[PDB]
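Notes follow once the structure below has been shown.
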Amino acid sequence: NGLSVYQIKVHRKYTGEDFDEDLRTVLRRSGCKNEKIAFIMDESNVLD
Amino acid sequence: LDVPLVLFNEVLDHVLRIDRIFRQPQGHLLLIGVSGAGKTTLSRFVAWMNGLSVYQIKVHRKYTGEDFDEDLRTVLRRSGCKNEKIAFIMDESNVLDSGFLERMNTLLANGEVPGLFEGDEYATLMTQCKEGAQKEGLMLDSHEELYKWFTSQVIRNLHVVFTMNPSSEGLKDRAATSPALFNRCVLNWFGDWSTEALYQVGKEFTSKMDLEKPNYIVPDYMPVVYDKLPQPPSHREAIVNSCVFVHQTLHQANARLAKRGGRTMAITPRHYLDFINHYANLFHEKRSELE
Amino acid sequence: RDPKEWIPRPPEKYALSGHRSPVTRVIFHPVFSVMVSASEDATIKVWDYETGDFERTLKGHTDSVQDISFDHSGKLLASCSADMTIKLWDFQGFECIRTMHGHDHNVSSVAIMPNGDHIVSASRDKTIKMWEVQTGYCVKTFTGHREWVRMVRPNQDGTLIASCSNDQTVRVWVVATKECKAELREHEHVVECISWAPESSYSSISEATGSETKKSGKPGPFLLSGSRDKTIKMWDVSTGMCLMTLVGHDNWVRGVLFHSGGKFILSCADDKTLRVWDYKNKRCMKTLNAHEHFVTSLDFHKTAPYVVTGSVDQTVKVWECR
Amino acid sequence: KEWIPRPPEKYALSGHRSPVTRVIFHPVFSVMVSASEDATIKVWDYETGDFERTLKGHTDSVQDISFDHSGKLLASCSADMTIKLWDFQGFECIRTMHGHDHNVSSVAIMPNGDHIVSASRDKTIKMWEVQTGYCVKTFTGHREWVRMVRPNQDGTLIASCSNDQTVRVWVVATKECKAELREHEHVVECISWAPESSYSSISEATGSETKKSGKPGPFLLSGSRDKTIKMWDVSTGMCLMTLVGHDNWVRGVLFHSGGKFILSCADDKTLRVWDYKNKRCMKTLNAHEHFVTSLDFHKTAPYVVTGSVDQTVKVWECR
Amino acid sequence: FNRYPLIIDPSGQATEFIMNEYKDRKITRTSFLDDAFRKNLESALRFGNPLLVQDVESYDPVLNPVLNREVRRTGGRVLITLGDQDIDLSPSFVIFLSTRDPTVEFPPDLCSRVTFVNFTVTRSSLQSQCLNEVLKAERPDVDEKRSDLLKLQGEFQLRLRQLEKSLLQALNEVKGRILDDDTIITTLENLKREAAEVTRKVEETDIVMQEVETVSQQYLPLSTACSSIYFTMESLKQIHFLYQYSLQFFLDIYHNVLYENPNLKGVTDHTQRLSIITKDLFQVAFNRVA
Amino acid sequence: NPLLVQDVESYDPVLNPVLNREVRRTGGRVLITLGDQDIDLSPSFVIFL
Amino acid sequence: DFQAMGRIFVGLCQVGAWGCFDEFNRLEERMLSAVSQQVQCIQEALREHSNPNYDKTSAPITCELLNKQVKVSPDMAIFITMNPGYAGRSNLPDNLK
Amino acid sequence: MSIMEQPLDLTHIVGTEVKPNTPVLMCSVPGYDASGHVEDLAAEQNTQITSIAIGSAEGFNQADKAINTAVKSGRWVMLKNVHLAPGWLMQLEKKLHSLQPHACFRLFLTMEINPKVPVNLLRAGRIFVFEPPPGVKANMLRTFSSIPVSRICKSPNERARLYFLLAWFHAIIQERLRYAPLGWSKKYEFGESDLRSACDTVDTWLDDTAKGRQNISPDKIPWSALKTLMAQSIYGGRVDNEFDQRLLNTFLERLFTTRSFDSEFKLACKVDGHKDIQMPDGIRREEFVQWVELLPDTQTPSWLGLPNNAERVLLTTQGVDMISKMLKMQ
Ligand SMILES: Nc1ncnc2c1ncn2[C@@H]1O[C@H](COP(=O)(O)OP(=O)(O)O)[C@@H](O)[C@H]1O
């Protein structure tokens with residue numbers, strides 16, 4: 001469909017601030033740059 | 001770094017001198033000597049000893065002032081914000097423009113470049129400095145004392161090493177184009193390898209070679225080249241003296257060739273190292289083939 | 001056979017099949033009555049389209065060959081492959097005279113500039129590079145695309161190059177000064193193919209789109225862009241506006257080009273069909289069930305009435321136009 | 001077309017460790033396939049003489065290999081009493097049909113591309129299915145070892161040559177030997193039928209009279225160890241012409257793609273091209289230092305390959 | 001060489017010699033003026049391919065770790081840090097730097113990092129070239145005779161060396177005593193008879209080489225004059241910067257005086273032709289240079 | 001460089017592309033996108049947890 | 001530079017005006033060399049305008065200035081005023097003089 | 001050394017002795033250019049030539065495009081004042097080396113004798129030095145070779161005599177520059193442009209006076225017009241000294257009079273103390289050219305009106321310089 005797949009790269013030090021930065025990146029790309037993005041995330045990526 | 005080094009007295013003296021500066025705040029070095037003398041290798045080794053991280057700018061044909069500014073921003077961010085001890089080894093061949101010298105002068109003297117960070121870069125620098133001050137236990141909010149803390153961190157952490165060949169006119173011009181290069185930098189005159197250094201390198205490298213001749217007759221008029229050569233020299237000592245004489249002969253050869261008006265290439269200690277390596281390899285090969 | 005009105009017809013002339021892998025691109029020799037087809041088996045087979053007989057295979061590429069092009073004289077052939085190399089072929093002796101490295105990833109397009117002294121190539125490292133034919137040196141590097149650049153094509157005089165990328169945009173560059181003249185972003189998917197408008201179609205395009213005659217007399221270079229949203233769009237490079245959108249393909253458009261007379265548009269897509277577009281009325285005249293699998297490329301002979309299409313079914317077909 | 005091999009060569013491919021038994025051409029790709037006696041089938045690129053791959057699934061010496069019309073399958077027979085069907089897209093054995101006691105000599109896929117024929121020492125010719133793998137009908141009537149088997153251009157007629165001096169033509173539908181030919185001086189070894197491009201060229205070459213239907217009828221040929229090559233009429237069963245002059249036992253025979261010349265190999269270490277309509281072409285061309293085993297003619301390309309006992313495969317230019 | 005060489009050959013003969021020596025190793029000829037020099041360098045470093053780089057006056061400082069051999073060995077690999085990315089240095093890699101400018105100046109660091117190999121034109125080599133050229137122009141049969149003689153002498157000496165080495169190897173590889181096995185005696189007799197035949201061939205080639213030499217003695221003064229003329233032309237740069245003349249200039253002068261000489265249209269005497277050639281050599285050298 | 005990684009109870013979710021073999025061929029043979037860096041995968045690599 | 005002088009020349013050619021360029025040697029030597037080409041083109045266009053066979057009913061005389069065809073009026077002229085005694089001023093190339 | 005005195009035959013050298021891969025470097029002393037010579041050569045050979053003046057970036061672009069086109073199409077390329085771009089000259093030399101141009105391709109690089117010209121470029125190409133002709137005889141030979149034959153031989157038969165007088169005046173004026181303080185007050189730029197302007201003036205005024213007649217009277221030639229124009233605009237324009245202008249007026253009034261058509265007219269008086277240069281009696285170009293070619297080898301400053309000792313110190317200095325040059329390359 002032409003969407004750009006985005007997946008957050010979590011790790012042991014992945015905290016809320018990193019997740020907020022990833023959200024800011026995705027929202028900037030998909031709202032300012034008019035980019036279609038498929039934000040794929042798993043339940044294991046929900047650390048909080 | 002997996003490069004073999006032959007240790008002589010001057011090497012120990014120079015590594016001690018370099019180690020002295022790296023342990024001082026705002027300790028910058030100005031190493032002066034012929035290329036291939038080991039200035040960069042010794043600086044990297046001593047920086048490894050003291051925990052410093054060696055940084056060198058990757059200059060190329062298309063390198064310009066903006067690339068140097070970006071490299072300076074990277075070095076300053078690592079040294080000040082991240083509290084990292086960095087040895088900034090920079091050579092005279094890295095100076096493609098006088099703006100490089102202006103930035104270097106300001107950084108060496110003041111410890112910061114007032115206009116290096118601007119706009120988005122300045123905001124990112126301030127955020128990183130706030131994080132670093134929080135990490136160090138300081139509570140700093142306004143930009144002024146944050147920048148002051150960054151400057152203090154850079155002064156305490158960043159060490160700059162300058163290596164350049166001994167050009168008299170070049171030295172005189174650099175004494176004015178970069179005044180902080182001669183006031184904020186400790187000048188170490190490495191120079192060329194001395195006759196004693198050449199003799200020690202030849203003795204150490206050719207030690208594994210046999211070079212033993214019990215029936216060697218000492219000539220009445222010994223062509224002494226190394227002053228501290230023993231009066232009844234052995235065969236090995238004579239061989240090393242001949243090697244030193246060969247190097248000095250190339251020096252005199254270039255002197256005479258340049259006197260007439262020809263184009264000469266500089267003879268470096270790397271020439272002597274290649275000479276002794278070739279001597280060892282040829283000796284081994286010829287001995288093996290003859291046997 | 002009106003010398004500027006023929007269109008391909010359903011009954012094929014030949015179905016040439018010697019490739020062991022999907023045929024990537026097919027081109028016509030500008031001078032000789034011979035044909036060149038590149039495929040994914042790292043081979044460049046050469047065919048004659050008058051009698052439909054295989055002639056010789058040009059090998060030397062390690063991985064799949066993605067594009068091939070001829071210079072104006074037809075004496076040199078430039079091919080790019082998936083092994084990150086560009087090879088220049090002496091088409092008289094059929095030997096590879098020069099191999100050019102420097103791209104960091106798959107090189108998916110190549111084109112020889114109209115003067116014949118430079119080679120322009122696009123690759124997956126999001127860059128477009130220019131190579132001297134004589135020395136093989138990389139002399140320019142057009143950066144700015146955010147994704148894999150799929151095609152690069154110079155205009156008639158070689159002063160402009162257009163490119164399409166996976167970033168769903170078409171960029172028009174200036175060869176002399178490297179600047180990006182225009183950024184044509186209206187496709188809703190990845191742009192597959194591009195093509196420039198010949199000067200014989202300028203008046204037809206102008207009177208079909210209703211564009212008033214400019215005081216200069218030059219309507220402005222026109223460009224096409226087939227993309228994966230199953231649409232073909234005609235652009236005005238001078239103003240950056242999309243003159244028309246051509247709808248009717250059932251799948252991703254793979255190749256697009258003008259009739260040499262500049263009266264129709266020929267396009268092929270993955271819907272297994274080759275379509276003839278009457279851009280006068282912005283509608284499709286003829287649909288040809290070209291191949292039994294995806295159709296990857298097409299070419300239209302400048303003078304002779306022949307159309308050739310390659311396909312993923314490893315078959316090259318020659319179409320008589322009547 | 002007047003394609004004729006020339007004494008100079010381009011590549012002498014030598015990768016086999018055992019004598020080569022047969023060589024064939026791929027229908028569509030620029031691929032040449034050679035079966036040898038080391039239980040392996042090798043794949044070559046005759047255009048540039050580069051080794052490509054080997055298919056080492058067989059147990060004993062591989063005897064005969066054959067493609068189908070599409071060239072997507074490769075049927076192989078060996079002395080291990082089995083017929084292996086190879087998938088030429090992935091080059092992996094997909095079906096190994098068993099039975100057919102004792103050494104299997106020949107194999108062939110009829111143009112319909114759904115069934116296989118095979119000849120063996122057990123004095124019978126079997127009929128297999130590509131899709132399933134069951135031998136459905138068995139051909140009996142040969143009293144000795146059947147050497148070569150070759151079908152027609154539309155999957156209806158089959159000829160089998162054997163040591164019993166008989167070349168019996170068989171029918172798919174009726175399974176009856178409608179034509180039995182026992183006239184050769186010594187062992188018959190190789191057979192090959194006539195393409196439709198040469199049917200007209202036989203009328204003025206022999207003077208045969210057309211029947212009421214007007215068609216000259218299907219045509220035959222059978223080479224034999226008696227150093228004589230003889231072409232036969234399938235419809236009638238009578239002799240057209242006997243080609244004589246080979247020094248040693250003949251092992252392979254086939255027709256020129258243009259249907260004008262006769263080109264064959266034999267144990268005389270030489271390749272011989274013969275004309276029959278006018279008896280003008282009698283070119284003798286040495287090919288290998290030892291016995292020459294098999295050969296093939298490219299349908300469209302000007303290339304011919306020959307396999308020999310010297311473990312070498314050679315490619316000749318046609319000019 | 002220990003340090004990687006930097007070749008200086010204005011004539012370009014050393015470059016083609018290097019390309020021919022490393023042809024079997026797939027040597028790639030690149031340049032510092034190529035924007036894709038980094039990619040070729042990294043490919044050669046990773047895959048161990050010989051590399052020849054031209055236009056060294058535009059030297060790229062990215063080669064500094066490669067020329068200095070600043071390798072880091074860890075995990076059995078040899079890591080070279082070409083810029084910012086690590087590359088496994090294959091031990092078969094070698095790089096040659098070349099330039100066509102004999103007057104180019106190099107910074108002292110580059111002078112330290114490379115071994116200078118200078119291909120200058122000597123008086124003896126130029127005399128030999130001029131003598132061979134005049135022999136080919138005037139006495140082509142003698143020229144081809146001399147070429148065949150040189151090839152034969154080279155082949156014969158190689159055969160003699162091989163026979164001597166094989167004789168030593170045969171005497172050294174015996175598992176016991178010579179007369180114990182007859183095959184050793186067979187091999188020794190074969191080697192000795194081959195050596196005798198090759199020595200006879202060497203002697204006959206030597207006498208025909210003697211006659212070839214004695215017919216070429218007449219053209220020696222012309223070659224000496226040619227060498228003197230060229231080395232006078234080369235020294236004309238001392239009185240003016242504009243008097244820069246290459247070897248190809250003098251070679252073109254020689255070719256013109258040999259083959260494109262009007263004064264040789266109907267003259268067939270060898271001595272007369274030689275005198276005319278010398279006189280017109282001086283005249284044409286002055287006319288073109290001045 | 002075969003690797004052995006202990007303490008898998010604190011698994012680091014960065015090996016997921018490596019463990020899933022999420023590679024693509026061509027343009028450098030086997031390419032693995034470890035995070036944001038397009039690493040080139042060595043066929044001799046193996047990891048034990 | 002070359003571009004500015006070319007544009008001024010285009011304006012003077014189209015208007016039909018006299019261009020007096022004082023202190024002409026204050027330009028760089030390379031710029032003077034480049035400008036010599038445009039001056040020569042304008043002078044050739046003027047010269048081919050003066051031949052008797054030219055007729056005003058035919059196509060007007062044009063010259064190539066800045067990659068454009070610019071009509072050259074017969075009334076225009078180029079005058080340069082220089083002080084050659086000032087050290088540091090550029091030396092006009094021989095093709096321009 | 002007699003070839004060096006003749007005018008340079010660019011046609012033969014360019015056609016035969018110059019390979020297409022070798023650029024034709026034409027270095028000239030200040031005051032001389034080789035552009036006109038090459039344009040004339042291309043015109044006489046009916047060869048298209050692209051002339052580009054180096055000094056602008058778009059100039060470099062056109063130079064590159066023209067070279068690329070010509071190496072394939074076999075045309076000629078001119079690049080003038082290339083001494084102003086030494087780095088681009090090195091780049092061009094590197095480009096020229098790896099090149100296989102057409103058989104008829106020729107590249108002419110017009111520079112002056114400048115120490116900044118790269119040495120590798122000088123070695124790559126063939127150098128031709130353009131400078132003042134060695135003497136009066138050579139100067140008249142060059143002047144007569146430059147002017148087309150059909151241009152001198154027009155309808156009036158007196159045009160050839162006027163052209164010979166103009167050539168002699170040009171040679172005398174230009175050879176006086178070798179003696180800088182004596183011949184003139186400063187090194188004036190008397191060159192081919194002045195000669196061409198004077199020739200055009202002579203043609204225009206002779207055509208205006210002689211309305212196509214085959215012959216004209218010697219007194220009917222517009223002597224005053226030619227004298228005034230050549231003293232005020234053509235040759236006297238460069239003169240900024242009143243005494244240099246007086247000398248030019250003296251030469252013009254001595255040469256350009258109706259007495260110059262007399263059989264006993266004296267071009268110079270007492271050159272060696274006894275002999276003097278004599279006005280040729282011919283009426284066509286060939287006779288005057290033959291007279292020029294018959295001029296004695298020996299030349300003294302008395303040919304120019306200067307004292308014979310005006311060249312003594314210069315000759316001594318040149319001899320010492322020749323000795324030093326011979327001793328500098330031993
Ligand atoms: N004491 C030494 N013994 C042996 N080799 C040395 C020594 N000092 C320097 N070298 C050689 O010099 C090279 C590095 O020289 P470097 O320090 O870069 O020169 P510079 O001082 O001009 O920067 C190394 O490859 C090393 O082999």
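Residues in the structure tokens are numbered from 1 in each chain, the chains being A, B, ... in the order shown, and ligands are numbered from 1 in the order shown.
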- Message: Using only C-alpha atoms and a cut-off of 7 Å, which residues of chain E sit close to chain B? Please list them as a PyMOL selection string.
- Response: chain E and resi 2+60-62+70-73+83+108-109+111-112
- Message: So that I can see what lies close to residue 168 in chain E, please list as an NGL selection string the residues with an atom at most 12 Å from it, counting only C-alpha atoms and leaving out residues fewer than 6 positions away in the same chain.
- Response: :E and (161-162 or 174 or 184 or 187-188 or 191-192)
With N, CA and C atoms kept, could you save the residues just selected as a PDB file, in the first residue's frame?
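Result file follows (part-v6.pdb):
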```pdb
ATOM      1  N   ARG E 161      68.991 -23.428 -17.103  1.00  0.00           N
ATOM      2  CA  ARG E 161      68.737 -23.311 -15.671  1.00  0.00           C
ATOM      3  C   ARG E 161      67.806 -24.416 -15.189  1.00  0.00           C
ATOM      4  N   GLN E 162      66.743 -24.691 -15.950  1.00  0.00           N
ATOM      5  CA  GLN E 162      65.813 -25.748 -15.564  1.00  0.00           C
ATOM      6  C   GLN E 162      66.498 -27.107 -15.541  1.00  0.00           C
ATOM      7  N   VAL E 174      67.132 -39.093  -4.388  1.00  0.00           N
ATOM      8  CA  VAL E 174      67.294 -40.538  -4.499  1.00  0.00           C
ATOM      9  C   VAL E 174      67.095 -41.191  -3.138  1.00  0.00           C
ATOM     10  N   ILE E 184      66.750 -43.451 -12.514  1.00  0.00           N
ATOM     11  CA  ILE E 184      67.591 -42.307 -12.175  1.00  0.00           C
ATOM     12  C   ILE E 184      68.656 -42.097 -13.244  1.00  0.00           C
ATOM     13  N   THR E 187      67.072 -40.620 -16.363  1.00  0.00           N
ATOM     14  CA  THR E 187      66.806 -39.193 -16.217  1.00  0.00           C
ATOM     15  C   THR E 187      68.088 -38.378 -16.312  1.00  0.00           C
ATOM     16  N   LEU E 188      69.162 -38.841 -15.666  1.00  0.00           N
ATOM     17  CA  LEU E 188      70.423 -38.107 -15.722  1.00  0.00           C
ATOM     18  C   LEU E 188      70.965 -38.039 -17.145  1.00  0.00           C
ATOM     19  N   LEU E 191      68.859 -35.528 -19.131  1.00  0.00           N
ATOM     20  CA  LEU E 191      69.178 -34.150 -18.775  1.00  0.00           C
ATOM     21  C   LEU E 191      70.516 -33.723 -19.362  1.00  0.00           C
ATOM     22  N   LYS E 192      71.521 -34.600 -19.304  1.00  0.00           N
ATOM     23  CA  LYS E 192      72.833 -34.233 -19.828  1.00  0.00           C
ATOM     24  C   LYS E 192      72.802 -34.053 -21.342  1.00  0.00           C
TER      25      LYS E 192
END
```
- Return the neighbours of chain A among the residues of chain F, cut-off 9 Å, counting only C-alpha atoms, as a list in words. residues 10, 11, 12, 13, 14 and 35 of chain F
- Task: Using DSSP on the backbone, list every residue of chain G that comes out as alpha helix (DSSP H), and give them as JSON, numbers by chain.
- Result: {"G": [2, 3, 4, 5, 6, 7, 8, 9, 10, 11, 12, 13, 14, 15, 29, 30, 31, 32, 33, 34, 35, 36, 37, 38, 39, 40, 41, 42, 43, 44, 45, 46, 47, 48, 49]}
Include C-alpha atoms and write out the residues we just selected as a compact mmCIF listing (two decimals), in the first residue's frame.
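As written to disk, part-v5.txt reads:
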```txt
# COMPACT_ATOMS: atom_id res chain seq x y z
CA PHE G 2 31.32 38.27 -17.38
CA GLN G 3 27.60 38.07 -16.58
CA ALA G 4 27.15 41.71 -15.57
CA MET G 5 29.10 43.01 -18.57
CA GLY G 6 27.14 40.71 -20.86
CA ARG G 7 23.83 41.99 -19.50
CA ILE G 8 24.99 45.60 -19.88
CA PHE G 9 26.02 44.80 -23.45
CA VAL G 10 22.59 43.27 -24.12
CA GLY G 11 20.93 46.43 -22.83
CA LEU G 12 23.17 48.70 -24.90
CA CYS G 13 22.70 46.61 -28.06
CA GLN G 14 18.91 46.59 -27.73
CA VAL G 15 18.65 50.29 -26.84
CA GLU G 29 42.38 40.11 -16.14
CA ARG G 30 40.34 36.93 -16.56
CA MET G 31 37.14 38.99 -16.72
CA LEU G 32 38.69 41.24 -19.38
CA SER G 33 39.68 38.16 -21.38
CA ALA G 34 36.15 36.76 -21.12
CA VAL G 35 34.55 40.12 -22.01
CA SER G 36 36.74 40.29 -25.12
CA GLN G 37 34.60 37.51 -26.62
CA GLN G 38 31.35 39.46 -26.20
CA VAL G 39 32.99 42.62 -27.53
CA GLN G 40 34.22 40.71 -30.59
CA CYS G 41 30.77 39.20 -31.20
CA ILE G 42 29.11 42.63 -30.97
CA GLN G 43 31.69 44.15 -33.32
CA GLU G 44 31.24 41.33 -35.85
CA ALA G 45 27.46 41.79 -35.71
CA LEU G 46 27.93 45.52 -36.35
CA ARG G 47 30.34 44.81 -39.22
CA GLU G 48 27.98 42.40 -40.97
CA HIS G 49 25.26 45.03 -40.53
```
- strand (DSSP E or B) residues, from DSSP on the backbone, in range 66-196 of chain E, as a list in words: residues 71, 72, 73, 74, 77, 78, 79, 80, 81, 82, 85, 86, 87, 88, 94, 95, 96, 97, 98, 99, 115, 116, 117 and 118 of chain E
Write out as an mmCIF file with N, CA, C and O atoms, in the first residue's frame every residue belonging to chain A that has an atom at most 9 Å from any atom of chain C, counting only C-alpha atoms.
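As written to disk, out.cif reads:
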```cif
data_model
loop_
_atom_site.group_PDB
_atom_site.id
_atom_site.type_symbol
_atom_site.label_atom_id
_atom_site.label_comp_id
_atom_site.auth_asym_id
_atom_site.auth_seq_id
_atom_site.Cartn_x
_atom_site.Cartn_y
_atom_site.Cartn_z
ATOM 1 N N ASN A 1 0.801 -1.214 0.000
ATOM 2 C CA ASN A 1 0.000 0.000 0.000
ATOM 3 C C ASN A 1 0.838 1.270 0.000
ATOM 4 O O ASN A 1 0.273 2.367 -0.036
ATOM 5 N N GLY A 2 2.162 1.153 0.035
ATOM 6 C CA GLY A 2 3.031 2.306 0.049
ATOM 7 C C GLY A 2 3.303 2.886 1.417
ATOM 8 O O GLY A 2 3.985 3.913 1.511
ATOM 9 N N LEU A 3 2.788 2.269 2.476
ATOM 10 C CA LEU A 3 3.046 2.753 3.822
ATOM 11 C C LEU A 3 4.478 2.435 4.234
ATOM 12 O O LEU A 3 5.084 1.467 3.766
#
```
- Can you pull out every residue within 9 Å of range 45-59 of chain D, counting only C-alpha atoms, but drop anything in the same chain fewer than 6 positions away, and send it as a PyMOL selection string? (chain C and resi 56-57) or (chain D and resi 10-13+15+30-33+38-39+76-80+82+84+86+91-93+303+305+315)
Skip range 39-49 of chain F itself and residues of its chain fewer than 4 positions away, then list as a short mmCIF file (atom, residue, chain, number, x, y, z; two decimals) with C-alpha atoms, in the first residue's frame all residues within 12 Å of it, counting only C-alpha atoms.
```cif
data_model
loop_
_atom_site.label_atom_id
_atom_site.label_comp_id
_atom_site.auth_asym_id
_atom_site.auth_seq_id
_atom_site.Cartn_x
_atom_site.Cartn_y
_atom_site.Cartn_z
CA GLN E 85 34.24 2.24 9.06
CA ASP E 86 36.30 -0.85 9.90
CA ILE E 87 37.45 -3.14 7.08
CA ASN F 1 32.86 -14.85 15.51
CA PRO F 2 30.41 -17.35 17.07
CA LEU F 3 28.93 -15.85 20.22
CA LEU F 4 27.60 -17.25 23.50
CA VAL F 5 25.32 -14.96 25.50
CA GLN F 6 24.42 -15.83 29.09
CA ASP F 7 21.60 -14.57 31.32
CA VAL F 8 18.82 -14.91 28.76
CA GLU F 9 16.24 -14.09 31.45
CA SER F 10 17.23 -10.46 30.77
CA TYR F 11 16.84 -10.85 27.01
CA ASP F 12 17.58 -7.65 25.09
CA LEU F 15 18.36 -9.65 18.55
CA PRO F 17 15.82 -9.18 13.55
CA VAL F 18 18.86 -11.41 14.07
CA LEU F 19 16.85 -14.22 15.67
CA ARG F 21 16.76 -13.79 10.21
CA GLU F 22 15.12 -10.64 8.82
CA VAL F 23 17.70 -10.10 6.09
CA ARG F 24 17.57 -9.19 2.41
CA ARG F 25 20.05 -10.31 -0.22
CA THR F 26 21.88 -8.43 -3.01
CA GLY F 27 23.57 -5.04 -2.68
CA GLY F 28 26.18 -6.49 -0.35
CA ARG F 29 25.03 -10.16 -0.27
CA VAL F 30 23.17 -10.69 3.05
CA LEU F 31 22.13 -7.38 4.65
CA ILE F 32 20.74 -7.19 8.19
CA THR F 33 19.12 -4.04 9.59
CA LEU F 34 20.26 -4.20 13.21
CA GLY F 35 18.34 -1.28 14.66
#
```
- Task: Extract, using only C-alpha atoms, all DNA, RNA and protein residues at most 8 Å from range 189-200 of chain B, discarding same-chain residues fewer than 2 positions from it, and format them as a PyMOL selection string.
- Result: chain B and resi 8-10+14+31-34+37+39+166+187+202-204+225-228+240-241+243-244+268-269+272
- Test item: residues at most 12 Å from range 35-41 of chain H, only C-alpha atoms, excluding those fewer than 3 positions along its chain, as a ChimeraX atom specification: /G:93-96 /H:7-15,24-28,32,44-53,76-81,106-112,128,130,142,145-148,192-193,196
- Item | Nearby residues (only C-alpha atoms) at most 9 Å from residue 47 in chain A, same-chain spacing under 5 positions excluded, as an MDAnalysis selection string | chainID A and resid 10 14:16
- Message: Contacts from chain E to chain C, 7 Å maximum, only C-alpha atoms: show me the residue list as a ChimeraX atom specification.
- Response: /E:34-36,39-40
May I have the selected residues written with C-alpha atoms, as a CSV table (one decimal), in the first residue's frame?
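Generated output (part-v7.csv):
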```
chain,number,residue,atom,x,y,z
E,34,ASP,CA,37.7,9.8,-9.2
E,35,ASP,CA,34.9,10.6,-6.8
E,36,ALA,CA,34.5,6.8,-6.3
E,39,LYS,CA,34.6,2.5,-3.0
E,40,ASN,CA,37.4,1.0,-5.1
```
- May I ask you to extract the residues of chain E within 6 Å of chain H, using only C-alpha atoms, and to give them as a list in words?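 The contacting residues on chain E are residues 235, 244, 245 and 246 of chain E.
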Using N, CA and C atoms, can you export the residues from the last selection as a PDB file, in the first residue's frame?
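So part_28.pdb came out as:
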```pdb
ATOM      1  N   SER E 235      68.259  19.823 -20.920  1.00  0.00           N
ATOM      2  CA  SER E 235      68.904  20.853 -20.115  1.00  0.00           C
ATOM      3  C   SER E 235      68.583  22.265 -20.586  1.00  0.00           C
ATOM      4  N   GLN E 244      60.516  23.370 -21.992  1.00  0.00           N
ATOM      5  CA  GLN E 244      60.173  22.065 -21.443  1.00  0.00           C
ATOM      6  C   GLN E 244      59.910  21.115 -22.605  1.00  0.00           C
ATOM      7  N   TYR E 245      60.800  20.143 -22.789  1.00  0.00           N
ATOM      8  CA  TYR E 245      60.695  19.177 -23.874  1.00  0.00           C
ATOM      9  C   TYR E 245      60.725  17.773 -23.296  1.00  0.00           C
ATOM     10  N   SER E 246      59.775  16.944 -23.713  1.00  0.00           N
ATOM     11  CA  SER E 246      59.674  15.579 -23.227  1.00  0.00           C
ATOM     12  C   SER E 246      60.456  14.627 -24.127  1.00  0.00           C
TER      13      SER E 246
END
```
- Query: Mind pulling up the distance from CA of residue 179 in chain H to CA of residue 314 in chain H?
  - Reply: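 So the answer is 8.5 Å.
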